[PDB]
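Structural overview for review
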Amino acid sequence: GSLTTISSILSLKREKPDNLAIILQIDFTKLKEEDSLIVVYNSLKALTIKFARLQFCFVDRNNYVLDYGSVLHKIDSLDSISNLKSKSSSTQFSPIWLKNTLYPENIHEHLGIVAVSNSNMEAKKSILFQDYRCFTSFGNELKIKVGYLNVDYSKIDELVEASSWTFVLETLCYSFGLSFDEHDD
């Protein structure tokens, strides 16, 4: 719920990551209004104020990668988000796939991983069941389910549940002292 979402995010913030990778799995049919996609856009933009090298990956409800890479590079407008509803893909997502794709020469900073999904809790399709294993770098790994569950899952360790995309993403951005007002300071 709200309490654990907040404390989980505060834990990540505490670790002072040099950068974040945001992995968002969206079942578009569960979206009852336009606010969730808009908050996804606004949040990704806001986070780049702090993290210029912000990375992202969008995944569909069947675990296909829709787009990924640098937020500054690909997240041009709201359309960049809304267009993914119609994006075809034959590439299955996995954390190792993502690490190999984003970091072919390995990771060299403290990277915070934020995985958020609103799709059905099916082990083979939900990004929340996957092993974020490879983001070990010696040389901050958060898994959040949007939409409360009446089923107990634990092959997932510290799964976190939240009421909406808005709550999760507002909590994430605000914990870093960001907002969507587009004021420069």
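Residues numbered from 1 in each chain as written, not as in the entry; some residues may be left out. Heavy atoms only, no water. Residues with missing side-chain atoms left out of burial classes, pairs and counts.

You'll find the protein entered in the PDB entry as Protein STE5, with Saccharomyces cerevisiae given as the organism.

Read across the sheet, six strands follow the order β3-β2-β1-β4-β5-β6 without closing on themselves; strand pairing throughout is mixed. The sheet is open, and its two edges are formed by β3 (65-70) and β6 (160-162), each paired on a single side. Shown here is a sheet whose adjacent strand axes are inclined to one another by a mean of 15 degrees, direction ignored. With five bridges joining them, strand β2 (residues 55-60) and β3 adopt antiparallel strand pairing. Considered in β3, the bridge of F56 is made with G69. Lying over the sheet, helix α1 (residues 2-14) contacts β1 (19-26), β4 (111-117), β5 (141-146) and β6, oriented at roughly 125 degrees with respect to β6. Contacts from helix α6 (residues 165-175) reach β1, β4, β5 and β6 within the one sheet, and its direction differs from that of β1 by about 175 degrees. (Pairing = 2+ DSSP bridges. Helix = DSSP H or I, 4+ residues; strand = E, 2+ residues; numbered from the N terminus. Axes fitted to C-alpha atoms, helices over the stretch in contact; angles between N-to-C directions. Contact = heavy atoms within 4.5 Å.)

The next thing to look at is the pairing of β4. Among the seven residues of β4, seven are classified as buried, and the element is accordingly described as predominantly covered. Sheet topology places β1 next to β4; seven bridges connect them, and they run parallel. Across the sheet, the residue bridging to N19 is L111, located in β4. Of the strand pairs in this sheet, β4 and β5 are connected by five bridges, and their pairing is parallel. Directly across from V116, in β5, lies its bridge partner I144. (Buried < 20%, exposed > 50% of the residue type's maximum accessible area, 1.4 Å probe, protein only.)

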